[PDB]
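Engineer: Shown below is the structure under consideration.
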Amino acid sequence: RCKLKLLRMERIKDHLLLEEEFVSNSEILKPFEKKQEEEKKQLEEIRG
Amino acid sequence: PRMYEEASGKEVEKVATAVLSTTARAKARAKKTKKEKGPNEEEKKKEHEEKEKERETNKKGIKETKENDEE
Amino acid sequence: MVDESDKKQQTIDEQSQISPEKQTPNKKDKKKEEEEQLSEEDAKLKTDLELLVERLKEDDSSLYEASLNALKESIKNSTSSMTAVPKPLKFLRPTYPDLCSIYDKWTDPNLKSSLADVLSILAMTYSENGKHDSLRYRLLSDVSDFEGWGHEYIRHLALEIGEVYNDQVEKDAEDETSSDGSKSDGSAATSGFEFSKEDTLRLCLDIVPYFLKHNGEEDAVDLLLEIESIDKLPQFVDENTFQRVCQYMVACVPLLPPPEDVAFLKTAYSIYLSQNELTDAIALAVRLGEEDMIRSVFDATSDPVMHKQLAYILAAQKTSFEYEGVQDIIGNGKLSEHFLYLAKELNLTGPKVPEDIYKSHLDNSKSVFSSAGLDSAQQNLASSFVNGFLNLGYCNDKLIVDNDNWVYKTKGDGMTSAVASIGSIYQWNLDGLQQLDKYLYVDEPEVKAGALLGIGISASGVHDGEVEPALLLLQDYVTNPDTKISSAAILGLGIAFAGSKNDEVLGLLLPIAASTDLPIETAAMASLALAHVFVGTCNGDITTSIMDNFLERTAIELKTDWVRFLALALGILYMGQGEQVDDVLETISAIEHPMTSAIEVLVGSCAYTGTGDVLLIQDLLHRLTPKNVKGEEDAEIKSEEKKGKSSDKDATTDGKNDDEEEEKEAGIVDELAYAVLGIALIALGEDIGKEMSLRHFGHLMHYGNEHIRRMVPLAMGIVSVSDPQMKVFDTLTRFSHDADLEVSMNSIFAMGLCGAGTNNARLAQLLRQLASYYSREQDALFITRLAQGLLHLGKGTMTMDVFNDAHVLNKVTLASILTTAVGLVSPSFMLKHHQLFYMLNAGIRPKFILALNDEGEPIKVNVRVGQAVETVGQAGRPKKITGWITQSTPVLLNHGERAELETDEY
């Protein structure tokens, strides 16, 4: 019970965290669509 | 027959898999919850009426399996 | 190994390694022929037992497998376990290891599965005899050393664990399931479990938590009380027993959402009560938060001893420690009834003695000023609040205030908040009232209102024993019909008394908070105050608050600010409970509107606290949903929508915060992160949403009590300079404050860079300035924690005003609220009968090693530091008492608790 108590909190939190970031990958790009999205296009063409 | 375009299904797909995933993660916490959860249901109601709490699910099946269209 | 016959007794053991001749041929034939020979078998049982013991040392799989192979068959094949009824039953002792040799020593998947079921049945039947207990015991305490038993004994123990767990999941239970084939209860396996528990408690630790929690009953825990209370001192010390207990509640703390959690922790409290230390008793009674448990420990010292003794002094100390003041009210008046001395006792329980000890620490901490010298415009307003923020707690800065020049140059809402900031100079102090009084009887109503806020802050350290209560002053102002005056009055009353729900305080606040028909924005304070009062103790979920919220929604929707504050007030009210809060979620949801849905997600957090992993996932599906519906279509509304979105974000963070505290401390590292991705996210979820999640993060950290405080606030801060809303910085600093000038060296530079560098609006500048001064207290005067400190699982009541303010866009009106920030921690000092104000020595430990706790009981090696130091924050929190070498014994164990040390010198 003394190992477990530690584990029970800390594991479940690393599993949630991981899952969170999968749904979230898409979500990064959503607050922009021409506010930053457009900026990215401009830099790239320069770079080739 | 009709032609169409659908591009809104990228949003439906994305949350379908999201809700699925969270349950798997919950697996460890959830065992500990179940024991405490049951007495709550026995006391109050099952889900919207008392009726039929004796099994976890007592009602299974499907209302149609029948389909052949034209012969 | 090789057979060498019967030449000597040594070589008899070697003979039976390959093929036994006294357990296999002879016995087998004997059982399958005559039944006069049952008498010969009975004598030969003892011989057979000895041969197992001698060959336990041998570990090789092959020479246990094959040797006992035909005995394993004989159970059903020849003996059939009923050819002589009693006789095979009592001869099941050698045959039970034979079965285990195919389970564990040899692994054949088909037989390993099948014979698990067989082992369970025969364990139950042979525990009727009580000899299955003795069978377990010879392997638990061992007789021989081999690798084998180290895997084997567990299997026997696991049979019991298996069935008991299964009865919850599958309702059918008993031996109807063929997964064990053994009955769940009945007087044949119940007596087996009790006896098993005894042996495994002494030598092990393994199966005791599985048995209690698998029954699922507090009854299991109450059986445990009996056995442990015998063990308390003669078998091993008090300390070993305490470490043995608190964990029943802790592994399985997080692991009890409300109805189970309370019932288990009741029993742990009782175990402590039974044992020698009442010090362990008080800590658990606070935890439960029930009035009833507090009274019993206080009574236990006070009532039986007629004489003053140690006993009256000790009672007063114990109740004093909670600065919620919930214990303070209850414990008072028993002292009056008994009447040995009123004067010492009443003062000592009250937070009045805490004012005096602060002077001793302050005598050391002195004063270093660093306050802004800026004047004119909004920069005047900024500087005058900043002075109060640097002089939080008891400080003397009288002369600066008495220079009324800068005071009068404040204007508008600035005047109200300027007077309020003066009050925080004399926070936790009786004197200071004089400065406030001057303004209160002159000029415009604005300064009158600000005086009342300051009275609130000052009255925090003195409101018990009927010595200048906040109630006394503030009652007159409530009567006066002006809205500004009355609203300010009831805000200050709530702060001062905190968690105390005294009759006069509560009952003043009882008919009111029920007018919202008239449209008044600053009547947020109506419910807000009452909510604050409720926290710290079990909640009635008051009918006054629930009614007025509904009525407000009916009347108005124009004042968006008003309804947003109201929603939060309900959720803060319900804190200090979770059992009852399941009910009220449904009650709120009965009346359905999209506006009402905003209230629901907040209240879900409190109900579901002490688990949140059904709660967590919910508060994430919500985040997705706005996007989801617009998203869906291609392949009045304004107020309702905005309330909807904002509520969820707040709720997500809040859920996480309560959850991380109570239960395992390791997971805290990740829980901050549930937010970093949450932020990246929201900063991602809507354009509008980004604004809300920034502000929430800072209070996530402060509430959650993150271990890491160097990296994460600073890194996040840089991104959020670009982003709008400078109120982000204020929320970060409340976490960063820590033990002052450890974390905060980096903080002052980091926050100061963005503020000094960029000026492009004096509005933006103001938020940044206030945040910087908050973070530091000169010469490590005090620390702020959200947590009680008495429990590190705990949560305060004075810090809830801090938690409230981060849900809204910054406003001048909000600045008045932000002056209040109470949440003080006292510095421990070794007390005497003459009330000595110096500590001798202490050990401080940055990191507990002990993996015999989460909390980590402070070890006994430590690093030694001098007298009269503040109780260090993170990276100093485990604190052990050094005093034992100088002939001193602590009466009050201190682990890094808030609680003042008390010693008895010999």
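Order determines the names: the first chain of the structure tokens is A, the second B, and so forth; residues in each chain are numbered 1 upward, and ligands are numbered 1 upward as they are shown.
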Show me, as a VMD selection string, every residue of chain B with an atom at most 9 Å from chain A, counting only C-alpha atoms.

Structural biologist: chain B and resid 14 to 15 17 to 18 21 to 22 25 to 29

Engineer: For chain C, which residues have at least one atom within 8 Å of chain B, if we go by only C-alpha atoms? Write them as number ranges by chain, please.

Structural biologist: C: 168-169, 216, 255-257, 259-260, 611, 613-614, 617, 621, 624, 628, 631-635

Engineer: Could the residues in this selection be written to a file with N, CA, C and O atoms, as an mmCIF file, in the first residue's frame?

Structural biologist:
data_model
loop_
_atom_site.group_PDB
_atom_site.id
_atom_site.type_symbol
_atom_site.label_atom_id
_atom_site.label_comp_id
_atom_site.auth_asym_id
_atom_site.auth_seq_id
_atom_site.Cartn_x
_atom_site.Cartn_y
_atom_site.Cartn_z
ATOM 1 N N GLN C 168 -17.932 -8.092 -6.291
ATOM 2 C CA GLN C 168 -18.375 -6.730 -6.462
ATOM 3 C C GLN C 168 -18.709 -6.487 -7.903
ATOM 4 O O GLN C 168 -19.742 -5.904 -8.232
ATOM 5 N N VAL C 169 -17.806 -6.977 -8.787
ATOM 6 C CA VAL C 169 -17.820 -6.840 -10.225
ATOM 7 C C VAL C 169 -18.959 -7.642 -10.789
ATOM 8 O O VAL C 169 -19.758 -7.129 -11.570
ATOM 9 N N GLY C 216 -15.204 -4.137 1.055
ATOM 10 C CA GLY C 216 -15.752 -2.855 0.680
ATOM 11 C C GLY C 216 -16.443 -2.192 1.822
ATOM 12 O O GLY C 216 -17.139 -1.195 1.634
ATOM 13 N N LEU C 255 -8.722 6.764 -3.901
ATOM 14 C CA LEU C 255 -9.293 5.576 -4.207
ATOM 15 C C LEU C 255 -10.493 5.438 -3.369
ATOM 16 O O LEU C 255 -11.140 4.385 -3.345
ATOM 17 N N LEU C 256 -10.918 6.580 -2.824
ATOM 18 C CA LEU C 256 -12.218 6.638 -2.325
ATOM 19 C C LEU C 256 -12.707 8.026 -2.703
ATOM 20 O O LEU C 256 -12.471 8.988 -2.006
ATOM 21 N N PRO C 257 -13.626 7.936 -3.710
ATOM 22 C CA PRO C 257 -14.638 8.966 -3.950
ATOM 23 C C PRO C 257 -15.621 8.881 -2.806
ATOM 24 O O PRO C 257 -15.461 7.989 -1.975
ATOM 25 N N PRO C 259 -18.682 8.302 -0.590
ATOM 26 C CA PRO C 259 -19.344 7.543 0.475
ATOM 27 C C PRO C 259 -18.476 6.516 1.181
ATOM 28 O O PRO C 259 -18.654 6.313 2.376
ATOM 29 N N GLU C 260 -17.503 5.903 0.483
ATOM 30 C CA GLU C 260 -16.571 4.949 1.011
ATOM 31 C C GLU C 260 -15.488 5.664 1.788
ATOM 32 O O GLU C 260 -15.007 5.137 2.788
ATOM 33 N N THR C 611 -11.610 11.881 -6.714
ATOM 34 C CA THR C 611 -11.352 10.902 -7.727
ATOM 35 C C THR C 611 -10.867 11.596 -8.944
ATOM 36 O O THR C 611 -9.698 11.448 -9.307
ATOM 37 N N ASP C 613 -11.486 11.305 -12.679
ATOM 38 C CA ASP C 613 -10.942 10.636 -13.827
ATOM 39 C C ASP C 613 -12.137 10.259 -14.657
ATOM 40 O O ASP C 613 -11.993 10.024 -15.851
ATOM 41 N N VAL C 614 -13.368 10.375 -14.086
ATOM 42 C CA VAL C 614 -14.592 10.431 -14.853
ATOM 43 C C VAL C 614 -14.805 11.914 -15.072
ATOM 44 O O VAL C 614 -15.134 12.350 -16.171
ATOM 45 N N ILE C 617 -12.157 13.524 -17.833
ATOM 46 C CA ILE C 617 -12.427 13.198 -19.203
ATOM 47 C C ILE C 617 -13.588 14.000 -19.718
ATOM 48 O O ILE C 617 -13.562 14.442 -20.860
ATOM 49 N N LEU C 621 -14.094 16.727 -23.114
ATOM 50 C CA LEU C 621 -15.162 16.588 -24.084
ATOM 51 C C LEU C 621 -15.904 17.881 -24.283
ATOM 52 O O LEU C 621 -16.225 18.240 -25.410
ATOM 53 N N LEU C 624 -13.910 20.364 -26.515
ATOM 54 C CA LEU C 624 -14.058 19.979 -27.905
ATOM 55 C C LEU C 624 -15.360 20.463 -28.538
ATOM 56 O O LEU C 624 -15.361 20.892 -29.689
ATOM 57 N N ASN C 628 -17.013 21.367 -32.412
ATOM 58 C CA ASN C 628 -17.569 20.180 -32.996
ATOM 59 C C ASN C 628 -18.824 20.424 -33.791
ATOM 60 O O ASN C 628 -18.880 19.980 -34.930
ATOM 61 N N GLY C 631 -18.385 22.642 -37.011
ATOM 62 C CA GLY C 631 -17.488 21.712 -37.621
ATOM 63 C C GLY C 631 -18.199 20.697 -38.421
ATOM 64 O O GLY C 631 -17.775 20.431 -39.535
ATOM 65 N N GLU C 632 -19.325 20.187 -37.838
ATOM 66 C CA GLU C 632 -20.276 19.183 -38.265
ATOM 67 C C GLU C 632 -21.005 19.552 -39.501
ATOM 68 O O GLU C 632 -21.429 18.658 -40.220
ATOM 69 N N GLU C 633 -21.471 20.801 -39.633
ATOM 70 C CA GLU C 633 -22.309 21.193 -40.721
ATOM 71 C C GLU C 633 -21.853 21.142 -42.197
ATOM 72 O O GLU C 633 -22.700 20.773 -43.019
ATOM 73 N N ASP C 634 -20.559 21.479 -42.606
ATOM 74 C CA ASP C 634 -20.158 21.529 -44.073
ATOM 75 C C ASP C 634 -20.088 20.230 -44.984
ATOM 76 O O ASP C 634 -20.831 20.158 -45.958
ATOM 77 N N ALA C 635 -19.377 19.090 -44.517
ATOM 78 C CA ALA C 635 -19.208 17.511 -44.789
ATOM 79 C C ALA C 635 -20.924 17.544 -44.936
ATOM 80 O O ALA C 635 -21.420 17.598 -46.080
#

Engineer: What are the closest atom pairs, with distances in Å to one decimal, for each residue of chain C lying within 9 Å of chain A, using only C-alpha atoms, rows by chain and rising residue number, as CSV?

Structural biologist:
residue,atom,partner,partner_atom,distance
C:205,CA,A:1,CA,8.0
C:206,CA,A:1,CA,7.8
C:209,CA,A:1,CA,6.8
C:247,CA,A:2,CA,6.7
C:248,CA,A:1,CA,7.5
C:250,CA,A:5,CA,6.5
C:251,CA,A:5,CA,3.8
C:252,CA,A:5,CA,7.1
C:253,CA,A:5,CA,8.3
C:254,CA,A:9,CA,7.5
C:255,CA,A:8,CA,8.4
C:613,CA,A:12,CA,8.4
C:616,CA,A:16,CA,8.6
C:617,CA,A:16,CA,8.5
C:620,CA,A:20,CA,8.5
C:660,CA,A:9,CA,7.6
C:663,CA,A:9,CA,6.7
C:664,CA,A:6,CA,4.4
C:665,CA,A:6,CA,6.6
C:666,CA,A:10,CA,5.4
C:667,CA,A:10,CA,3.5
C:668,CA,A:10,CA,7.2
C:669,CA,A:10,CA,8.1
C:670,CA,A:13,CA,5.8
C:671,CA,A:13,CA,6.3
C:673,CA,A:17,CA,7.0
C:674,CA,A:17,CA,5.5
C:675,CA,A:17,CA,8.9
C:677,CA,A:21,CA,6.2
C:678,CA,A:20,CA,7.8
C:680,CA,A:28,CA,6.7
C:681,CA,A:28,CA,6.1
C:682,CA,A:27,CA,8.2
C:683,CA,A:31,CA,6.9
C:684,CA,A:28,CA,4.5
C:685,CA,A:27,CA,6.1
C:686,CA,A:31,CA,5.6
C:687,CA,A:31,CA,5.0
C:688,CA,A:31,CA,8.7
C:690,CA,A:31,CA,8.3
C:851,CA,A:2,CA,7.0
C:852,CA,A:2,CA,5.9
C:853,CA,A:2,CA,6.2
C:854,CA,A:6,CA,6.5

Engineer: Restricting it to C-alpha atoms, dump the selection as a PDB file, in the first residue's frame.

Structural biologist:
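So selection_8.pdb came out as:
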ATOM      1  CA  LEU C 205       2.204  -6.115   4.696  1.00  0.00           C
ATOM      2  CA  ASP C 206       0.819  -7.621   1.497  1.00  0.00           C
ATOM      3  CA  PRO C 209      -5.161  -3.777   2.221  1.00  0.00           C
ATOM      4  CA  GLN C 247      -1.810   4.735   4.460  1.00  0.00           C
ATOM      5  CA  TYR C 248      -5.149   2.557   4.744  1.00  0.00           C
ATOM      6  CA  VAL C 250      -3.806   7.082   1.895  1.00  0.00           C
ATOM      7  CA  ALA C 251      -3.262   4.416  -0.887  1.00  0.00           C
ATOM      8  CA  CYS C 252      -6.934   4.072  -0.876  1.00  0.00           C
ATOM      9  CA  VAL C 253      -7.610   7.792  -0.207  1.00  0.00           C
ATOM     10  CA  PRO C 254      -7.636   8.727  -3.910  1.00  0.00           C
ATOM     11  CA  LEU C 255      -9.293   5.576  -4.207  1.00  0.00           C
ATOM     12  CA  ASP C 613     -10.942  10.636 -13.827  1.00  0.00           C
ATOM     13  CA  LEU C 616     -11.310  14.800 -15.981  1.00  0.00           C
ATOM     14  CA  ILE C 617     -12.427  13.198 -19.203  1.00  0.00           C
ATOM     15  CA  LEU C 620     -12.211  17.878 -22.082  1.00  0.00           C
ATOM     16  CA  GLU C 660      -3.888  16.220  -6.978  1.00  0.00           C
ATOM     17  CA  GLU C 663      -4.054  11.566  -2.701  1.00  0.00           C
ATOM     18  CA  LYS C 664      -0.013  10.331  -4.061  1.00  0.00           C
ATOM     19  CA  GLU C 665       2.303  13.331  -4.296  1.00  0.00           C
ATOM     20  CA  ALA C 666       4.450  12.125  -7.286  1.00  0.00           C
ATOM     21  CA  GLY C 667       1.692  12.747  -9.855  1.00  0.00           C
ATOM     22  CA  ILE C 668       1.689  16.462  -9.173  1.00  0.00           C
ATOM     23  CA  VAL C 669       4.540  16.858 -11.795  1.00  0.00           C
ATOM     24  CA  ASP C 670       2.145  15.665 -14.554  1.00  0.00           C
ATOM     25  CA  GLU C 671      -1.044  17.448 -13.273  1.00  0.00           C
ATOM     26  CA  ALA C 673       1.140  19.520 -17.474  1.00  0.00           C
ATOM     27  CA  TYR C 674      -2.557  18.379 -17.876  1.00  0.00           C
ATOM     28  CA  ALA C 675      -2.763  22.157 -18.062  1.00  0.00           C
ATOM     29  CA  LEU C 677      -1.287  20.921 -23.072  1.00  0.00           C
ATOM     30  CA  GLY C 678      -4.612  22.404 -21.880  1.00  0.00           C
ATOM     31  CA  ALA C 680      -1.392  25.215 -25.656  1.00  0.00           C
ATOM     32  CA  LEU C 681      -4.793  23.979 -26.406  1.00  0.00           C
ATOM     33  CA  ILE C 682      -7.082  26.706 -25.448  1.00  0.00           C
ATOM     34  CA  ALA C 683      -4.534  29.025 -26.782  1.00  0.00           C
ATOM     35  CA  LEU C 684      -5.501  26.465 -29.553  1.00  0.00           C
ATOM     36  CA  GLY C 685      -9.472  25.796 -28.730  1.00  0.00           C
ATOM     37  CA  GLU C 686     -11.099  29.094 -29.592  1.00  0.00           C
ATOM     38  CA  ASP C 687      -9.635  32.563 -30.158  1.00  0.00           C
ATOM     39  CA  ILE C 688     -11.817  33.721 -27.286  1.00  0.00           C
ATOM     40  CA  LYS C 690      -7.193  31.487 -25.104  1.00  0.00           C
ATOM     41  CA  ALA C 851       9.363   5.137   0.939  1.00  0.00           C
ATOM     42  CA  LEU C 852       7.434   4.144   4.035  1.00  0.00           C
ATOM     43  CA  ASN C 853       5.363   7.371   3.288  1.00  0.00           C
ATOM     44  CA  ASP C 854       4.167   9.869   0.413  1.00  0.00           C
TER      45      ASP C 854
END

Engineer: Go ahead and compute the interatomic distance for CA of residue 513 in chain C and CA of residue 570 in chain C, in Å to one decimal.

Structural biologist: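 Result for CA of residue 513 in chain C versus CA of residue 570 in chain C: 12.3 Å, one decimal.
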
Engineer: List as a ChimeraX atom specification the protein and nucleic acid residues near residue 822 in chain C, meaning an atom at most 12 Å away when only C-alpha atoms are counted, but skip any in the same chain fewer than 3 places from it.

Structural biologist: /C:323-324,389,392-394,423-428,456-461,492,494-498,734,774,782-786,796-803,817-819,825

Engineer: Pick out the residues sitting within 12 Å of residue 897 in chain C, and hand them over as a ChimeraX atom specification; count only C-alpha atoms, and ignore anything fewer than 6 positions along from it in its own chain.

Structural biologist: /C:279,283,318,321-322,787-794,825-828,855,857-858,870-873,876-881
